[PDB]
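Asks: Before we start, here is the structure in question, set down as structure tokens.
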Amino acid sequence: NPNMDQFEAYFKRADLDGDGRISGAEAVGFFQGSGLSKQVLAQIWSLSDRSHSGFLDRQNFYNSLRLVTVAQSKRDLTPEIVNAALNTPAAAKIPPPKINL
Ligand SMILES: [Ca+2]
Ligand code: NA
């Protein structure tokens with residue numbers, strides 16, 4: 001499957017209970033494979049849980065994956081970078097991240 005959807009594959013791996021949402025605990029466990037600091041992952045979680053419900057839907061989780069890629073590229077998150085990933089078609093250019101599984 002050379003064109004396999006890696007965002008979807010990560011969503012399915014992260015969603016341990018199959019309820020179609022990524023819970024806080026599921027995100028903590030999944031992103032332990034990201035190589036990022038807990039401070040950065042906290043900021044990504046906050047930015048991604050747009051409804052403040054404690055769960056990420058698919059869109060929210062894919063956006064958290066995009067922010068993880070930017071952080072793995074050693075770019076400092078700025079308000080402009082965050083908005084570019086969350087609210088503009090620049091998001092489509094961001095690869096899925098590398099996650100140790
Ligand atoms: Ca879940
Ligand atoms: Na939410």
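Here, A, B, ... name the chains of the structure tokens in the order displayed, residue numbers run from 1 inside each chain, and ligands are numbered from 1 in the same displayed order.
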Ligand 1: which residues are within 9 Å, counting only C-alpha atoms and all ligand atoms, as a PyMOL selection string?
Replies: chain A and resi 14-26+55-56
Asks: Might you pull out every residue within 10 Å of residue A:47, with only C-alpha atoms counted and same-chain residues fewer than 4 positions away left off, and present them as an MDAnalysis selection string?
Replies: chainID A and resid 41:43 51:52 60 63:64 67 82:83 86
Asks: Pull N, CA, C and O atoms from the residues just selected and write them as a short mmCIF file (atom, residue, chain, number, x, y, z; two decimals), in the first residue's frame.
Replies:
data_model
loop_
_atom_site.label_atom_id
_atom_site.label_comp_id
_atom_site.auth_asym_id
_atom_site.auth_seq_id
_atom_site.Cartn_x
_atom_site.Cartn_y
_atom_site.Cartn_z
N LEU A 41 3.99 18.77 23.92
CA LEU A 41 2.82 17.92 23.73
C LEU A 41 1.61 18.48 24.47
O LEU A 41 0.48 18.39 23.97
N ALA A 42 1.82 19.08 25.65
CA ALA A 42 0.72 19.76 26.33
C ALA A 42 0.16 20.90 25.49
O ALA A 42 -1.06 21.07 25.39
N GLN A 43 1.04 21.69 24.86
CA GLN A 43 0.57 22.81 24.05
C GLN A 43 -0.18 22.31 22.82
O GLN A 43 -1.20 22.89 22.44
N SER A 51 -12.95 21.88 21.17
CA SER A 51 -14.19 21.96 21.94
C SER A 51 -13.97 21.90 23.45
O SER A 51 -14.93 22.07 24.21
N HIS A 52 -12.74 21.67 23.90
CA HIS A 52 -12.42 21.54 25.32
C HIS A 52 -13.19 20.41 25.98
O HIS A 52 -13.56 20.49 27.15
N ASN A 60 -9.33 16.85 14.70
CA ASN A 60 -8.49 17.39 15.77
C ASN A 60 -7.20 16.59 15.91
O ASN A 60 -6.11 17.13 16.19
N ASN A 63 -4.85 17.22 13.12
CA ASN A 63 -4.17 18.48 13.37
C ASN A 63 -3.10 18.33 14.44
O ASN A 63 -2.02 18.93 14.33
N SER A 64 -3.34 17.53 15.48
CA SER A 64 -2.28 17.32 16.46
C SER A 64 -1.09 16.60 15.83
O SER A 64 0.05 16.86 16.21
N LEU A 67 0.89 19.28 13.93
CA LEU A 67 1.69 20.08 14.84
C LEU A 67 2.89 19.29 15.34
O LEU A 67 3.97 19.87 15.54
N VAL A 82 0.80 27.91 14.20
CA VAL A 82 -0.36 27.19 14.72
C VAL A 82 -1.58 27.46 13.86
O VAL A 82 -2.30 26.54 13.45
N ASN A 83 -1.84 28.73 13.55
CA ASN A 83 -2.99 29.07 12.73
C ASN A 83 -2.85 28.48 11.33
O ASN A 83 -3.84 28.06 10.71
N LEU A 86 -3.94 24.87 11.55
CA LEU A 86 -5.27 24.62 12.07
C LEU A 86 -6.37 25.27 11.24
O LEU A 86 -7.50 24.76 11.23
#
Asks: Quick one: DSSP alpha helix (DSSP H) residues in stretch 17-85 of chain A, as a PyMOL selection string?
Replies: chain A and resi 24-31+38-48+58-72+79-85
Asks: How about saving the chosen residues, C-alpha atoms kept, as a PDB file, in the first residue's frame?
Replies:
ATOM      1  CA  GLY A  24      -6.384  12.347  26.859  1.00  0.00           C
ATOM      2  CA  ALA A  25      -4.925   9.042  28.054  1.00  0.00           C
ATOM      3  CA  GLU A  26      -4.827   7.674  24.526  1.00  0.00           C
ATOM      4  CA  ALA A  27      -2.954  10.797  23.391  1.00  0.00           C
ATOM      5  CA  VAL A  28      -0.474  10.591  26.258  1.00  0.00           C
ATOM      6  CA  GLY A  29       0.321   6.995  25.357  1.00  0.00           C
ATOM      7  CA  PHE A  30       0.495   7.511  21.599  1.00  0.00           C
ATOM      8  CA  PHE A  31       2.741  10.571  21.704  1.00  0.00           C
ATOM      9  CA  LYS A  38       5.897  17.103  27.584  1.00  0.00           C
ATOM     10  CA  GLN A  39       5.643  20.902  27.391  1.00  0.00           C
ATOM     11  CA  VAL A  40       5.269  20.839  23.610  1.00  0.00           C
ATOM     12  CA  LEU A  41       2.818  17.925  23.732  1.00  0.00           C
ATOM     13  CA  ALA A  42       0.724  19.763  26.331  1.00  0.00           C
ATOM     14  CA  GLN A  43       0.573  22.805  24.045  1.00  0.00           C
ATOM     15  CA  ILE A  44      -0.391  20.631  21.062  1.00  0.00           C
ATOM     16  CA  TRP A  45      -3.140  18.914  23.069  1.00  0.00           C
ATOM     17  CA  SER A  46      -4.539  22.258  24.259  1.00  0.00           C
ATOM     18  CA  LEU A  47      -4.563  23.637  20.717  1.00  0.00           C
ATOM     19  CA  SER A  48      -6.135  20.498  19.282  1.00  0.00           C
ATOM     20  CA  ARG A  58     -10.402  12.781  13.598  1.00  0.00           C
ATOM     21  CA  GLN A  59      -9.846  16.329  12.379  1.00  0.00           C
ATOM     22  CA  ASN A  60      -8.488  17.393  15.772  1.00  0.00           C
ATOM     23  CA  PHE A  61      -6.158  14.402  15.977  1.00  0.00           C
ATOM     24  CA  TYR A  62      -4.895  14.868  12.439  1.00  0.00           C
ATOM     25  CA  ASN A  63      -4.174  18.479  13.370  1.00  0.00           C
ATOM     26  CA  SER A  64      -2.278  17.321  16.462  1.00  0.00           C
ATOM     27  CA  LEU A  65      -0.258  15.034  14.166  1.00  0.00           C
ATOM     28  CA  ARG A  66       0.530  17.994  11.893  1.00  0.00           C
ATOM     29  CA  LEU A  67       1.692  20.080  14.837  1.00  0.00           C
ATOM     30  CA  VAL A  68       3.843  17.141  15.970  1.00  0.00           C
ATOM     31  CA  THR A  69       5.505  17.064  12.548  1.00  0.00           C
ATOM     32  CA  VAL A  70       6.245  20.791  12.741  1.00  0.00           C
ATOM     33  CA  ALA A  71       7.730  20.311  16.221  1.00  0.00           C
ATOM     34  CA  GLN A  72       9.799  17.347  14.974  1.00  0.00           C
ATOM     35  CA  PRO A  79       0.765  31.836  16.718  1.00  0.00           C
ATOM     36  CA  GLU A  80       1.243  32.086  12.945  1.00  0.00           C
ATOM     37  CA  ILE A  81       2.452  28.499  12.509  1.00  0.00           C
ATOM     38  CA  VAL A  82      -0.360  27.194  14.724  1.00  0.00           C
ATOM     39  CA  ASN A  83      -2.991  29.065  12.728  1.00  0.00           C
ATOM     40  CA  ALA A  84      -1.434  27.899   9.463  1.00  0.00           C
ATOM     41  CA  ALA A  85      -1.807  24.257  10.516  1.00  0.00           C
TER      42      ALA A  85
END
Asks: Looking at only C-alpha atoms and all ligand atoms, which of A:73, A:49, A:90, A:1 is the one that sits closest to ligand 2?
Replies: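 The answer is A:49, which sits nearest to ligand 2.
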Asks: Which one is closest to ligand 2: A:54, A:95, A:33, A:2? Count only C-alpha atoms and all ligand atoms.
Replies: A:54
Asks: Ranking A:88, A:6, A:53, A:32 by minimum distance to ligand 2 and counting only C-alpha atoms and all ligand atoms, which one comes first?
Replies: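 For ligand 2, the nearest of the given residues is A:53.
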Asks: Hey, which of A:12, A:35, A:57, A:3 ends up closest to ligand 2? Count only C-alpha atoms and all ligand atoms.
Replies: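 The shortest atom-to-atom distance to ligand 2 comes from A:57.
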Asks: Pick from A:96, A:77, A:50, A:13: nearest to ligand 2, with only C-alpha atoms and all ligand atoms counted?
Replies: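 Between A:96, A:77, A:50, A:13, the residue approaching ligand 2 most closely is A:50.
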Asks: Do you have the atom CA of residue A:101-atom CA of residue A:34 distance handy?
Replies: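 Those two atoms sit 9.2 Å apart.
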Asks: Could you please write out, as a PyMOL selection string, every residue of chain A that DSSP assigns to strand (DSSP E)?
Replies: chain A and resi 22-23+55-56
